[PDB]
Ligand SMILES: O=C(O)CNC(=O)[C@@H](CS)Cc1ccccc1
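So this first bit is one chain, no partners, the form solved without the ligand, shown in structure tokens.
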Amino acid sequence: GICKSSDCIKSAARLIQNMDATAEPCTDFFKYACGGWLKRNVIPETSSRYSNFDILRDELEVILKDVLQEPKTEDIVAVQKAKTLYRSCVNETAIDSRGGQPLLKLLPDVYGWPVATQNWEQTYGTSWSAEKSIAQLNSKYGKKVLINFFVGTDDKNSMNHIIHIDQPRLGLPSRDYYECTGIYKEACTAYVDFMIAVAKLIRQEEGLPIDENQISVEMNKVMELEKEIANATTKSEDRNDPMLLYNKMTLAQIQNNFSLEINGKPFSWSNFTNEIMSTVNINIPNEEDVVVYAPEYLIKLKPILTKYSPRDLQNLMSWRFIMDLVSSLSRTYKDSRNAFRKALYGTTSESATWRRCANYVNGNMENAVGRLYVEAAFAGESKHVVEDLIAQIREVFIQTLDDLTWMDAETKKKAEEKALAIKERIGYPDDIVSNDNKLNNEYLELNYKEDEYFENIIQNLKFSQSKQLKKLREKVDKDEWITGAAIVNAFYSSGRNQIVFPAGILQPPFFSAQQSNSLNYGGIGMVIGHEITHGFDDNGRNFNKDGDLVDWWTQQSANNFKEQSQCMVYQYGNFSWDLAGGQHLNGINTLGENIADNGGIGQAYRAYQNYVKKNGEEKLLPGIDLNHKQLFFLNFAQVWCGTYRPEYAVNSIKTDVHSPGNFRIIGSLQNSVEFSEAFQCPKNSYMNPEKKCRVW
């Protein structure tokens, strides 16, 4: 009773090579399941993180390279455009020969970069305003500085679009970095040195004199200013309650509450918002309803911006613009980022050009590339099997509601109701393959040049912003996918109440027809449960079956949810990460993903048990002395095998909403009674604490 096919052989070998059978499963299942993986898969010099997910993503890029690099005579226009874009990207000779000219020619559009201008006040100072400067960077390039403005879905009205105002992100990964001490020290130094080096490059190419000391003065002022702004932002821990974040008010009320003085003049919110929306010819009146996510931040901004000159402010705003473009220029400009990249990611060099280009084209033409990918690599027969798994796990969630004693009867009915309303998306949208006309029409306005990569990416930035801004008076398109198909990931959307599984994740170790059911349920099964559970985590539970931010919880059940979930806040917050120098996980910011992990694996296992009950036992795998209950948890863990560079471990522990794979494995299995039964773990072994957390 042992499988002998070539498929079972490499499946078994993969499992065997990744595990470390010398480790005790009940002491550390990560070391047990991924010990061999760690020795076998050294982090590539161009990778900041390496893992099962990252490996699959690298392998997907190879496929994209194959289907993008060679023109074919029968290529429809949409595909021709994708290949032209790719070709422009990988021609490094053409890029190198242009130096920094594409950026230098463009810089006036954002009111220049004062430190690298001959006479900034003379040339730009006369027509400059913060309203117009922030607006141009926003509406043309999607670069959000000082104040974030975006058109998105209305939290409380999921069919409508509405303007949002929020605090912006920073040049460094998080607000914590701006302490610039200890583990943040090198990053801050490299960040300012990065500014200075680029200022020198641009001035040299412009034929301007180089004053080393003067540049240093201006760029340290940039850092001084961004430090204050960072300190003014609200912590991520205080932004996980969607109900508290939602503040609807009129533009008039915004002007009233959030006045700002810049260069001695009052900031006009009407001017700012209309400088943005006029790009798509939409007027914004004072009665316009607006959603403000960060009122505290805007108030704290008041005494900060008065202290700085237009040169100071523009030096920061244009630097935020320039820092993300320098790697799209010649080698000299690429290399200016070296020390900065290493400080944040630990990587010694940028990844291969063709890899970046494949990813870039995928990111900007997800339907055209999704089409090429699925035709080359995706078995459509997979869809119906995944459909059935989703049905099983959805039903398991609903049945589990009876077991949960911390919910009253009517909250259970509402929860079941939302679970039933969840819509699924699997593989790819059929239209990208079956309807050439629609696909071509999507990219009608795009026209790329073979030898102008930088011009192409500028065109893409404008197009992307214009497309989103135009939605303000339009209803939300229900059928629109929230991801490309050539993606190794899965998603839950609160606003649409839907779960999405693109073709890219429907492969080993997650899922295969040539893979054991134990592995399939432990893999994509757990992921399906994960996404479903997201509809009921600390964020998702606030949205109803139609995607609206409304309270459908009784006071008692809501209180009980918070009590049950608090256990997981403490559990993961107590985890210390050696790769991050002993820093602790953020239990609050990772709560949602941890709730989904813990709920999902339990749902998946129960669904698997039900399957075995009705269909019988499976054939054992050769060379592996484990039953299929144990293979379920082994495959679950190997889905999350991986490691981090120290610099990026520090980065991710402050920015990633997920726990590191290491602790997703330890955390979820510590809370799993079924895991400890499968591996016969003694009570109070590290993997089997007698106190366990439970939400779903």
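Residues carry their position along the shown sequence, with the first being 1.
Not on display, but discussed next: the form deposited with the ligand bound.
In this form the binding site remains open, since the ligand, overlaid from its pose in the deposited complex, puts no atom within 2.4 angstroms of a backbone or C-beta atom. This chain appears without its partner; in the deposited complex, the one residue of 29, 37, 663, 640 with a heavy atom within 4.5 Å of the ligand is 640.
Comment: the ligand is not present in this chain, but in the deposited complex one of 654, 57, 629, 65 has a heavy atom within 4.5 Å of it, namely 57. In the deposited complex, at least one heavy atom of residue 505 sits within 4.5 Å of a heavy atom of the ligand. Using a 4.5 angstroms threshold between heavy atoms, residue 489 counts as touching the ligand in the deposited complex. Although the partner is absent here, residue 510 lies within 4.5 Å of the ligand in the deposited complex, judged by heavy atoms. Interface residue remark: residue 530 is counted as part of the site for the ligand in the deposited complex, having a heavy atom within 4.5 Å.
The chain is drawn here without the ligand; in the deposited complex, the stretch among 441-449, 605-613, 521-529, 214-222 whose residues come within 4.5 Å of it by any heavy atom is 521-529.
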